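To start, the structure itself, in structure tokens.
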Amino acid sequence: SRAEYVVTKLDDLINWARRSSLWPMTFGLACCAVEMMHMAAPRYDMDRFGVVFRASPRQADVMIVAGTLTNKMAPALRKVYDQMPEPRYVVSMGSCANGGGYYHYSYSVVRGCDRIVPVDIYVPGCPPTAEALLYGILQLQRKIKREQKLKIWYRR
Amino acid sequence: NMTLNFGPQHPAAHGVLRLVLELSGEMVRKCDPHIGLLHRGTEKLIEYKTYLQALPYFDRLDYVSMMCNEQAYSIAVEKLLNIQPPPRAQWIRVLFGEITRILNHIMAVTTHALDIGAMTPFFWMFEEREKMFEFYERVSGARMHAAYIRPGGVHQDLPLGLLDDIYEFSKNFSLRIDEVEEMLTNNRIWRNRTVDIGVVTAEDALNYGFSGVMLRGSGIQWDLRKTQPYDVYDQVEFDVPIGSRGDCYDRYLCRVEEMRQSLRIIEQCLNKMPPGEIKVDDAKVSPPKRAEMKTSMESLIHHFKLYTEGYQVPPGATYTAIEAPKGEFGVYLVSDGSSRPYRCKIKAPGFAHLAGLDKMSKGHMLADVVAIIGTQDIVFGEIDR
Amino acid sequence: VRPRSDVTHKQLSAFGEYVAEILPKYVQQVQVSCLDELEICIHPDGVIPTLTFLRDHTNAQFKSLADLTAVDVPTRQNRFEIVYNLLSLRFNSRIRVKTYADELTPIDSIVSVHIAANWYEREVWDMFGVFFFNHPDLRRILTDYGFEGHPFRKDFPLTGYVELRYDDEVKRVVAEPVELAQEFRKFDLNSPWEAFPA
Amino acid sequence: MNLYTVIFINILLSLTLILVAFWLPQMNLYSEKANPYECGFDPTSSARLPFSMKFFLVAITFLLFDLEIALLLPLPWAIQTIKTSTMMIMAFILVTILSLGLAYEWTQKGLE
Amino acid sequence: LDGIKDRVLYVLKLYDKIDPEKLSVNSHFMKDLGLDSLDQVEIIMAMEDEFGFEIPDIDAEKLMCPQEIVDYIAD
Amino acid sequence: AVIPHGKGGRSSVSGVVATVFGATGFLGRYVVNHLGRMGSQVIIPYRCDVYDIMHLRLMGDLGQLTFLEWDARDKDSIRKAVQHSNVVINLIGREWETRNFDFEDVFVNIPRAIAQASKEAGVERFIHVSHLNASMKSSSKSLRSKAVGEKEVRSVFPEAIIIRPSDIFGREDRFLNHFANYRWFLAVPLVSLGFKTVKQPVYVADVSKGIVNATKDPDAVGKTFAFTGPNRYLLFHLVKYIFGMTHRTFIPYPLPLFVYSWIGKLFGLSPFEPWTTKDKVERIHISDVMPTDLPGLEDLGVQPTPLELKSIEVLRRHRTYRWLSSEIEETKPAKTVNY
Amino acid sequence: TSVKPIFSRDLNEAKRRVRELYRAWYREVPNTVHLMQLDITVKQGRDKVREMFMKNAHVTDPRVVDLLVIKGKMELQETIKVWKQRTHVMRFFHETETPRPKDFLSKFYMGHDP
Amino acid sequence: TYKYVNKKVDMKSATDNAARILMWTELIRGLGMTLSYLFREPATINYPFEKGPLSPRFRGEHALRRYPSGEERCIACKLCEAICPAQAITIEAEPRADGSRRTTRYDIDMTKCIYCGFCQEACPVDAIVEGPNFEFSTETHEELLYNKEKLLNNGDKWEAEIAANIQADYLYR
Ligand SMILES: NC(=O)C1=CN([C@@H]2O[C@H](COP(=O)(O)OP(=O)(O)OC[C@H]3O[C@@H](n4cnc5c(N)ncnc54)[C@H](OP(=O)(O)O)[C@@H]3O)[C@@H](O)[C@H]2O)C=CC1
Ligand code: SF4
Ligand code: SF4
Ligand code: SF4
């Protein structure tokens, strides 16, 4: 009965629900979508894991920033990000979006999306392998599992 | 005339395209596509890089068609050096050149349908795509963005066994194209949303520089692969799929037909690929074999200089165009005697096609615009460069 | 050794004279490179006339514009070298017509001759700054909406002068002068030894 | 009453769900999260400005065709009319006349 | 006819970067006020909003006199 | 120390390693902003979940911000946070004393232990923050406690800069948003009808820059700067003005503070962050002290910024579909009562 | 010397065009501050247009002035329409960046290379 | 050689057409195809349990190898830095007390890296190799930047497979 226990269990449930269904947004920019689309495709089904693309940002959670965030698109990313629901996580995909990639020193490329949107998991590789994205989405799932929002409420 | 930004993040719009549109009713009065949402500097960056370290940029210019693009720079750098690749390398480039065409068409036809609303063709053919990627990986090391076709031939001979598998796949892929067909070619509904949408006249297609299926679909007969043969596409025999009543449906049929014709070219390449070397023997242009650079002084010196400094192409300028899956992909590579290029304008089949969106989608509904962006196979990497 | 076909070198050379005679007025130099390509060079005023003759002449139909580009030789008084590459589906051939334009001496636009150029001319203005008179709608295509400076000019820094980050205080993306965390290492690569020209 | 009982449970079940939806979640609110969504770049226009539809005529007919449907709704109880023939003639006329109206739309190309 | 001058005087002092009680009908925006070339432009525009008539690009160049502006507005 | 090299923007170095304990909150968001902009090394202790601390990550260069897990009831956590910092800034505060932390803790108890360790560490300067007009005999337990602490902090880290700011307004402000948030209550209950309530508001940014500047300025030692503002106001105009920009009607209703302290008690009762509190109410109806002699924002370099100037940004979210398009200069700015 | 003209034979004619653009921007400032919900004052905004216009006031070259308005006009269009979202416009105001002092002593105290 | 993709009233012909139009036949044909696959074995792999096949040349994640004796292979010739297309590798060196030549700092910025595999190509001693692992996704950006110690540690962990992979593909190179 100790509420503390009662709290942890409850939190876990909350974490299980979120981690289980991570509707990723359809944000595809620099040909890494091709890899992502491969994840969605049959060899490496994203859906099985809960992922199901939902473009209306409003209804989407994870934002996989696949590709180069050019300066012109920078503000847009920020906007879409700001318009997603509250609990939102960003998975940077690609060396072009983790940092600057082959185009880091260019004048039109933001050196990383974590300069425009806070990033939770960075998936490395020029075309980060689809399995690697899947590994990255799975590590976001372990990141969420560890989050303990209500226990901090209780202990606050 | 309601104004509306199709939006960078549009599930349908490939990649990110802000298609500001003025829509009378649902009809689209004006189409002013905006570009550069993916400009990244590819043309300026290349000036600061050596010829071999600018090869990876070409794979990224239009990465659906990863290699075919590399062949265009290769050819261009080979012309400037007046060197030509060894016989086996040529066949390879045509082998992977075609495999790449299929990969692009599976992308273009299936992604077209996903925007239209048919989703099962994409999953059916992305599994076949996947299988092809594996060829890339077992030949280059990377699923896409290989860097296999280098300026003097390919990088490394095919693994011992690939040809056999590029056969099993080819032997079957046809049925997979056939299936898509039983699903879309005659659908009572595919036809409607595609037929008589975005008709482009023959004279207008040449005028706006369409140069691709878009021309071929209007009935103009031009395949740079038959008119101006590059590599050994001359020794193979294939039929260009010309079209009449050019419209979204007709061109589609053309793209399904080149998927078919490319299997005819792949078969041959497997049947007739010669024993030989896969890179020019001029250590001057091609890097020396690693056993040689580790036992012979002239080879180390040539390895050190080639990797650190470069080819040192003779001064000149060339425009070499191939028939990339999208259309004519050309590199105008001006070159001083230096090891790093001076200019490298990439002609993108796509800068011309998008421009045509305005002259194609006139008096058309919002859904029509979605269909036409699909029938141009717009990959914003090539347009934005 | 590439498989040169002299048959071509001659036929294209012969056309080069043909054009040189047909338009004595604007053609300054004509040469068929050893790479089997013709590159008529025209005075900037001959932009409209030389193209039109090639687009609409029975013995030289050059219907589509493959590309419009502008190399920038800073040394050259006329900085830019607008190059137009054209194709003839009829004679299966090509020709490049290249002119010279300085920063503030605009070139005519050929959108009339080929509408393909509507976009490429906007691309040349955005990157190099050459201006094209009589253009329907010249406006930046590739660069950001507020970009200052023409990027592909050889005198423009690669990294550029401005970069973008999100600032919480102002809750909006904000330019700042570029501060790079590892400057582009500028390897010097030219070798002090030349190659005796063949 | 039995229906009233069922229906109020039906509304209650919904209203319960929406409420749960608004009071349960943690909510952080900022302007930039509630400004309209325009597929990225923000609205250029009012998003409520006059919209020029191009299918109104058809829309109007719908209304006329709806009504006809109505006048036809009482047919089940009239199939029982001793005056069966009359009912046939009357009904047949109703459908036919409205059918003609529809066809006219086509003939005059009004709907097209 | 003076009513125009009544309005024209009201507009000149309201912008407040000119006429700090030195407003005069003979006074010229460029000649004595020193108001900039551009500022004048702003002025003519201002007059246009109150008058309800937009004066052309050029005639703005000729009138630097509030009295001459009333002369033209009456026409 | 760290010699300051660079041009002045991100990816440059200023040499200020600074623990900032309450970064998670309203002002912290601003303190970390400038510290990060300047290029300072910022260690942000946090006990909120990692998801909430993410907004902080975007501000500062790769490696500028380090986040450490810390619990107030554990002295060791504070110990390691200040191990390698040379500047410690304390912004720990709350309005609702919570079940396991009462006003003393959040204001006096904790902020002491912190500076205490900071000294042991050898931090150059400590900047405690206590509320302005936090008289040791003020009405609100909070203000009383905050003063109690400033007495203590002076013992542990003598001359640790202390800043007492006036009401702070900025997007996500209480002072400005809370009033706008009384809309639910059709009328607005204000003691003395919102009069007899002179208050001076200070933009969050103003306060911050000052704080940051305090760290990089020598004169600040042993000072009690009080960031106040550019203009005072009777609570009446403030309330209406707010409602003015929000474009929502105003019905200032007199209600005895006696009865109202009870309303605060009611919300205070609520488990989830009471919307309002006994104390907050008193603090609201607590007038602000005079300029006195204490130095000010401009003294620390940041010239105060008038409320009306940025009010439009703070109150915009509260407008309606159309009111969302009105701007401050067509609107009427309220009068300034210095009293 | 001996330079071909673009749109104005002489600075005089060119100045005419500048006047027009100024007017254009002057008339537009208010609209933008409302269609972009920018947090600036129209008076302030017009000041900015003035500043930007003045920043290039030194030029006396007919050809240079003509291009300057071409470019200026293009900027207007973008701003007239919503092509330039607020982030773009506010950048003109350099709101976030910290101003740098130009006093020698100031620079000495801060930067190696002034 | 060209081909016409879409170049192209008896009662029977007309009736059959009507049969299709009113019985929706070509639509029923499409449904049959999807029902058919529903019965095919799906091609997906349990991702954690079963892994998509990668052959020896897969570039994956950077590692620095060491000689069997234990001496790190790199001799700081620094042409891996020269041929890096992205400017990712930063190398500074000084003679180790032994007198030999070694790199004091070797930093591959993986976010800058575009995994071209030229460094694998360029190294004379083949000290820098493209290791098989592709799963190195990291919570923080700093972790992705790799110094000599992480790469050497990466090299030690995957040396057995790296050696097998280089063993399989060296004849080809
Ligand atoms: N704007 C105002 O209302 C004024 C504020 N001040 C002072 O300025 C400081 C900052 O103000 P503001 O940011 O608005 O205050 P907040 O309520 O936003 O909290 C400030 C910080 O203190 C932390 N904190 C609060 N309680 C505890 C606790 N029990 N243990 C550990 N950390 C805690 C919070 O972290 P977390 O939430 O994660 O616990 C937060 O990061 C305050 O300390 C206040 O005294 C002075 C005058 C006016
Ligand atoms: S990272 Fe490699 S793949 Fe992903 S976008 Fe940048 S370049 Fe294309
Ligand atoms: S090339 Fe091989 S050896 Fe030379 S530096 Fe890079 S790694 Fe060390
Ligand atoms: S892989 Fe290509 S990019 Fe990454 S380091 Fe080796 S060379 Fe530089």
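By convention here, the chains of the structure tokens are called A, B, ... in the order presented, each chain's residues are numbered starting at 1, and ligands are numbered starting at 1 in the order presented.
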
DSSP-assigned strand (DSSP E or B) among chain A, expressed as a ChimeraX atom specification: /A:25,28,63-66,70,90-93,109,121-123

Neighbourhood of ligand 4 at 8 Å, counting only C-alpha atoms and all ligand atoms, reported as a ChimeraX atom specification: /A:102 /H:62,80-81,83-89,108-110,112-120,128,130

Can you spit out the residues from that selection as a PDB file, in the first residue's frame, using C-alpha atoms?
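Here's the written file result29.pdb:
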ATOM      1  CA  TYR A 102      29.185  16.092 -45.420  1.00  0.00           C
TER       2      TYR A 102
ATOM      3  CA  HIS H  62      35.055   3.459 -37.065  1.00  0.00           C
ATOM      4  CA  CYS H  80      43.380   9.581 -43.544  1.00  0.00           C
ATOM      5  CA  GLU H  81      42.809  13.211 -42.438  1.00  0.00           C
ATOM      6  CA  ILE H  83      41.273  12.222 -47.847  1.00  0.00           C
ATOM      7  CA  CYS H  84      38.385  12.570 -45.357  1.00  0.00           C
ATOM      8  CA  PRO H  85      35.653  14.208 -47.446  1.00  0.00           C
ATOM      9  CA  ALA H  86      33.888  15.717 -44.379  1.00  0.00           C
ATOM     10  CA  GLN H  87      36.962  17.016 -42.452  1.00  0.00           C
ATOM     11  CA  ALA H  88      35.897  14.589 -39.676  1.00  0.00           C
ATOM     12  CA  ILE H  89      39.281  13.138 -38.608  1.00  0.00           C
ATOM     13  CA  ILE H 108      36.791  11.160 -35.577  1.00  0.00           C
ATOM     14  CA  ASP H 109      33.685  13.372 -35.375  1.00  0.00           C
ATOM     15  CA  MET H 110      31.093  10.694 -36.304  1.00  0.00           C
ATOM     16  CA  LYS H 112      30.608  15.002 -39.295  1.00  0.00           C
ATOM     17  CA  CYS H 113      31.550  11.582 -40.752  1.00  0.00           C
ATOM     18  CA  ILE H 114      29.435  10.413 -43.729  1.00  0.00           C
ATOM     19  CA  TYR H 115      30.855   6.837 -43.535  1.00  0.00           C
ATOM     20  CA  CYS H 116      32.380   6.896 -47.023  1.00  0.00           C
ATOM     21  CA  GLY H 117      34.998   4.286 -46.165  1.00  0.00           C
ATOM     22  CA  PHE H 118      37.878   6.109 -47.902  1.00  0.00           C
ATOM     23  CA  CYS H 119      39.797   6.266 -44.647  1.00  0.00           C
ATOM     24  CA  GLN H 120      39.565   2.468 -44.685  1.00  0.00           C
ATOM     25  CA  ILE H 128      41.691   2.906 -39.261  1.00  0.00           C
ATOM     26  CA  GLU H 130      35.303   0.525 -40.983  1.00  0.00           C
TER      27      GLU H 130
END

Nearby residues, ligand 2, 6 Å, only C-alpha atoms and all ligand atoms, as a list in words: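 For ligand 2, the residues inside 6 Å are residues 30, 31, 32, 67, 68, 94, 95, 96, 101, 126 and 127 of chain A; 60 of chain B; 114 of chain H.
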
With 12 Å as the cut-off and only C-alpha atoms counted, what is the closest atom pair between each nearby residue of stretch 1-109 of chain G and stretch 99-111 of chain C? Distances in Å to one decimal, ordered by chain and number, as a tab-separated table.
residue	atom	partner	partner_atom	distance
G:3	CA	C:105	CA	8.6
G:4	CA	C:105	CA	7.2
G:5	CA	C:105	CA	8.0
G:6	CA	C:105	CA	7.4
G:7	CA	C:106	CA	10.6
G:61	CA	C:104	CA	10.8
G:62	CA	C:104	CA	10.5
G:63	CA	C:104	CA	6.8
G:64	CA	C:104	CA	7.1
G:65	CA	C:104	CA	10.3
G:66	CA	C:104	CA	9.5
G:67	CA	C:104	CA	7.6
G:68	CA	C:104	CA	10.5
G:70	CA	C:104	CA	11.9

Atom CA of residue C:118 to atom CA of residue C:69, straight-line distance in Å: 12.8 Å

Among stretch 19-181 of chain C, which residues does DSSP mark as helix (DSSP H, G or I) when it is run on the backbone? Keep the chain and numbering as in the structure and answer as a tab-separated table (two decimals) with C-alpha atoms, in the first residue's frame.
chain	number	residue	atom	x	y	z
C	19	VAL	CA	27.45	29.40	-87.51
C	20	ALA	CA	30.39	31.79	-87.56
C	21	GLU	CA	29.53	32.83	-91.12
C	22	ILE	CA	25.75	32.90	-90.44
C	44	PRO	CA	26.64	39.30	-74.52
C	45	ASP	CA	24.36	41.24	-76.94
C	46	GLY	CA	24.13	38.10	-79.11
C	47	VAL	CA	22.37	36.11	-76.44
C	48	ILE	CA	18.95	36.47	-78.01
C	49	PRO	CA	20.00	36.31	-81.63
C	50	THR	CA	22.44	33.33	-81.46
C	51	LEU	CA	20.14	31.18	-79.39
C	52	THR	CA	17.09	31.89	-81.58
C	53	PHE	CA	19.04	30.93	-84.72
C	54	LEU	CA	19.99	27.61	-83.10
C	55	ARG	CA	16.46	26.97	-81.73
C	58	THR	CA	16.45	23.83	-90.26
C	59	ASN	CA	20.18	22.98	-90.52
C	60	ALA	CA	20.74	23.48	-86.76
C	117	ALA	CA	15.68	29.11	-68.62
C	118	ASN	CA	12.95	30.68	-66.46
C	119	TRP	CA	14.30	28.80	-63.43
C	120	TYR	CA	18.05	28.53	-64.24
C	121	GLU	CA	18.30	32.31	-64.78
C	122	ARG	CA	16.76	32.82	-61.32
C	123	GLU	CA	19.38	30.26	-60.08
C	124	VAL	CA	22.25	32.29	-61.69
C	125	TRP	CA	20.97	35.53	-60.15
C	126	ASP	CA	20.67	33.96	-56.69
C	127	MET	CA	24.10	32.33	-56.70
C	128	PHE	CA	26.23	34.68	-58.80

Chain A contacts on chain G, only C-alpha atoms, 10 Å, as a PDB file with N, CA, C and O atoms, in the first residue's frame:
ATOM      1  N   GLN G  85       8.564  34.559 -43.238  1.00  0.00           N
ATOM      2  CA  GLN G  85       7.910  34.419 -41.949  1.00  0.00           C
ATOM      3  C   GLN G  85       8.596  35.320 -40.940  1.00  0.00           C
ATOM      4  O   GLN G  85       9.685  35.820 -41.197  1.00  0.00           O
ATOM      5  N   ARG G  86       7.974  35.547 -39.790  1.00  0.00           N
ATOM      6  CA  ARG G  86       8.543  36.488 -38.822  1.00  0.00           C
ATOM      7  C   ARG G  86      10.046  36.321 -38.556  1.00  0.00           C
ATOM      8  O   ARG G  86      10.783  37.300 -38.613  1.00  0.00           O
ATOM      9  N   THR G  87      10.502  35.105 -38.262  1.00  0.00           N
ATOM     10  CA  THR G  87      11.910  34.898 -38.014  1.00  0.00           C
ATOM     11  C   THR G  87      12.697  35.659 -39.024  1.00  0.00           C
ATOM     12  O   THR G  87      13.718  36.238 -38.702  1.00  0.00           O
ATOM     13  N   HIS G  88      12.215  35.680 -40.254  1.00  0.00           N
ATOM     14  CA  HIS G  88      12.962  36.339 -41.311  1.00  0.00           C
ATOM     15  C   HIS G  88      12.943  37.839 -41.120  1.00  0.00           C
ATOM     16  O   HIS G  88      13.978  38.490 -41.220  1.00  0.00           O
TER      17      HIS G  88
END

Would you name the residues within 6 Å of ligand 1, counting only C-alpha atoms and all ligand atoms, and put them as a short mmCIF file (atom, residue, chain, number, x, y, z; two decimals) with N, CA, C and O atoms, in the first residue's frame?
data_model
loop_
_atom_site.label_atom_id
_atom_site.label_comp_id
_atom_site.auth_asym_id
_atom_site.auth_seq_id
_atom_site.Cartn_x
_atom_site.Cartn_y
_atom_site.Cartn_z
N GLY F 22 18.48 26.51 -9.45
CA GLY F 22 17.09 26.59 -9.88
C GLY F 22 16.91 26.92 -11.34
O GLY F 22 16.00 27.65 -11.70
N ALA F 23 17.77 26.37 -12.18
CA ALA F 23 17.69 26.67 -13.60
C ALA F 23 16.39 26.19 -14.19
O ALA F 23 15.87 26.81 -15.10
N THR F 24 15.86 25.10 -13.66
CA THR F 24 14.65 24.52 -14.22
C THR F 24 13.48 25.49 -14.32
O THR F 24 12.67 25.39 -15.23
N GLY F 25 13.40 26.44 -13.41
CA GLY F 25 12.26 27.34 -13.38
C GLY F 25 12.16 28.50 -14.34
O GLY F 25 12.81 28.51 -15.38
N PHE F 26 11.33 29.48 -14.00
CA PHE F 26 11.10 30.62 -14.88
C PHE F 26 12.34 31.44 -15.17
O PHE F 26 12.73 31.60 -16.32
N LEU F 27 12.95 31.98 -14.12
CA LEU F 27 14.11 32.85 -14.32
C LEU F 27 15.32 32.06 -14.78
O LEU F 27 16.11 32.54 -15.59
N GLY F 28 15.47 30.84 -14.28
CA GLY F 28 16.61 30.04 -14.65
C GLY F 28 16.68 29.95 -16.15
O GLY F 28 17.72 30.23 -16.74
N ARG F 47 16.39 18.05 -10.35
CA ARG F 47 15.70 16.92 -9.69
C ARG F 47 14.37 16.69 -10.44
O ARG F 47 13.60 15.78 -10.07
N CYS F 48 14.14 17.50 -11.47
CA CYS F 48 12.94 17.32 -12.34
C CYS F 48 13.36 16.21 -13.30
O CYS F 48 14.56 15.91 -13.36
N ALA F 72 17.78 17.98 -2.48
CA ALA F 72 18.01 19.01 -1.45
C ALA F 72 18.30 18.41 -0.08
O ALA F 72 19.22 18.91 0.60
N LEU F 91 18.77 30.36 -7.24
CA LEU F 91 17.40 30.82 -7.56
C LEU F 91 16.35 29.86 -6.96
O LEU F 91 15.31 29.64 -7.59
N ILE F 92 16.64 29.20 -5.86
CA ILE F 92 15.68 28.21 -5.37
C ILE F 92 14.54 28.93 -4.67
O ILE F 92 14.77 29.66 -3.71
N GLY F 93 13.32 28.74 -5.16
CA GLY F 93 12.18 29.36 -4.53
C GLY F 93 10.86 28.76 -4.95
O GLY F 93 10.78 28.16 -6.02
N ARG F 94 9.83 28.91 -4.13
CA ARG F 94 8.51 28.41 -4.47
C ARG F 94 7.49 29.30 -3.80
O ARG F 94 7.82 30.09 -2.92
N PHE F 101 8.72 20.34 1.77
CA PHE F 101 9.63 21.49 1.74
C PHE F 101 8.80 22.70 2.11
O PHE F 101 7.86 23.05 1.40
N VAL F 106 13.00 26.16 1.20
CA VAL F 106 13.24 26.66 -0.14
C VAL F 106 13.95 28.01 -0.14
O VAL F 106 14.64 28.33 -1.11
N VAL F 129 19.46 34.74 -4.30
CA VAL F 129 18.33 35.59 -4.75
C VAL F 129 17.20 35.50 -3.72
O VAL F 129 16.79 34.36 -3.40
N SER F 130 16.74 36.65 -3.25
CA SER F 130 15.65 36.72 -2.29
C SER F 130 14.72 37.75 -2.86
O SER F 130 15.13 38.57 -3.67
N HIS F 131 13.46 37.75 -2.46
CA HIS F 131 12.51 38.68 -3.06
C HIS F 131 12.76 40.11 -2.63
O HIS F 131 13.28 40.35 -1.55
N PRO F 165 14.70 41.15 -6.54
CA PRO F 165 13.98 41.70 -7.69
C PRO F 165 12.53 42.02 -7.38
O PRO F 165 11.95 41.44 -6.47
N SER F 166 11.95 42.93 -8.15
CA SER F 166 10.56 43.31 -7.95
C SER F 166 9.69 42.40 -8.67
O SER F 166 10.21 41.52 -9.16
N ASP F 167 8.38 42.60 -8.78
CA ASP F 167 7.58 41.60 -9.50
C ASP F 167 8.19 41.31 -10.85
O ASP F 167 8.56 42.24 -11.57
N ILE F 168 8.30 40.04 -11.22
CA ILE F 168 8.95 39.69 -12.48
C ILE F 168 7.96 39.27 -13.56
O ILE F 168 7.23 38.30 -13.38
#

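Environment of ligand 3, defined as every protein or nucleic acid residue with an atom within 6 Å of it and counting only C-alpha atoms and all ligand atoms, comprises residues 74, 75, 76, 77, 78, 79, 80, 123, 124, 125, 126, 127 and 128 of chain H.
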
Within 9 Å of chain D: each chain B residue with its shortest pair, only C-alpha atoms, as a Markdown table:
| residue | atom | partner | partner_atom | distance |
| --- | --- | --- | --- | --- |
| B:1 | CA | D:52 | CA | 8.1 |
| B:2 | CA | D:51 | CA | 7.2 |
| B:3 | CA | D:45 | CA | 6.9 |
| B:4 | CA | D:44 | CA | 6.9 |
| B:5 | CA | D:38 | CA | 7.4 |
| B:6 | CA | D:39 | CA | 7.2 |
| B:7 | CA | D:39 | CA | 4.6 |
| B:8 | CA | D:40 | CA | 6.1 |
| B:9 | CA | D:39 | CA | 5.4 |
| B:10 | CA | D:39 | CA | 6.2 |
| B:18 | CA | D:41 | CA | 8.4 |
| B:23 | CA | D:52 | CA | 8.5 |
| B:24 | CA | D:52 | CA | 6.1 |
| B:25 | CA | D:52 | CA | 4.3 |
| B:26 | CA | D:53 | CA | 6.8 |
| B:27 | CA | D:54 | CA | 8.4 |

Pull C-alpha atoms from the residues just selected and write them as a PDB file, in the first residue's frame.
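Resulting contents of result-v3.pdb:
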ATOM      1  CA  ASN B   1      -7.897  33.012 -55.308  1.00  0.00           C
ATOM      2  CA  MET B   2      -7.184  31.390 -51.954  1.00  0.00           C
ATOM      3  CA  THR B   3      -3.477  31.186 -51.177  1.00  0.00           C
ATOM      4  CA  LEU B   4      -2.124  28.131 -49.438  1.00  0.00           C
ATOM      5  CA  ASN B   5       1.294  26.666 -48.829  1.00  0.00           C
ATOM      6  CA  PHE B   6       1.153  23.011 -49.775  1.00  0.00           C
ATOM      7  CA  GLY B   7       3.552  22.859 -46.886  1.00  0.00           C
ATOM      8  CA  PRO B   8       7.083  21.561 -46.420  1.00  0.00           C
ATOM      9  CA  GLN B   9       5.897  18.704 -44.216  1.00  0.00           C
ATOM     10  CA  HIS B  10       3.221  17.250 -46.431  1.00  0.00           C
ATOM     11  CA  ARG B  18       6.390  24.589 -50.305  1.00  0.00           C
ATOM     12  CA  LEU B  23      -6.977  27.770 -55.455  1.00  0.00           C
ATOM     13  CA  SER B  24     -10.153  28.929 -57.147  1.00  0.00           C
ATOM     14  CA  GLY B  25     -12.582  26.620 -55.436  1.00  0.00           C
ATOM     15  CA  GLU B  26     -10.697  23.340 -55.311  1.00  0.00           C
ATOM     16  CA  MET B  27      -9.183  24.160 -58.677  1.00  0.00           C
TER      17      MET B  27
END

Surrounding residues of stretch 214-220 of chain F excluding itself and chain neighbours under 2 positions, 12 Å, only C-alpha atoms, as a ChimeraX atom specification: /F:4,14-20,31,34-35,38,40,86-89,123-129,159-163,207-212,222-227,294-302

Spatial neighbours of residue B:259, max dist 10 Å, only C-alpha atoms, sep filter under 2 positions, as an NGL selection string: :B and (98-99 or 101-106 or 173-174 or 177 or 253-257 or 261-264)

Selection: 10 Å around residue C:190, only C-alpha atoms, excl. self and same-chain fewer than 3 positions, as number ranges by chain: B: 309-310, 312, 337-340; C: 187, 193-194

Go ahead and write the residues just picked, C-alpha atoms, as a short mmCIF file (atom, residue, chain, number, x, y, z; two decimals), in the first residue's frame.
data_model
loop_
_atom_site.label_atom_id
_atom_site.label_comp_id
_atom_site.auth_asym_id
_atom_site.auth_seq_id
_atom_site.Cartn_x
_atom_site.Cartn_y
_atom_site.Cartn_z
CA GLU B 309 46.64 15.40 -53.48
CA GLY B 310 44.73 13.98 -56.45
CA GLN B 312 45.41 16.50 -61.45
CA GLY B 337 44.96 21.78 -64.12
CA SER B 338 44.47 21.46 -60.33
CA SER B 339 43.48 18.30 -58.47
CA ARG B 340 40.32 19.94 -57.19
CA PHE C 187 44.73 21.86 -47.09
CA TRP C 193 55.97 20.46 -60.01
CA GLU C 194 54.03 20.69 -63.26
#
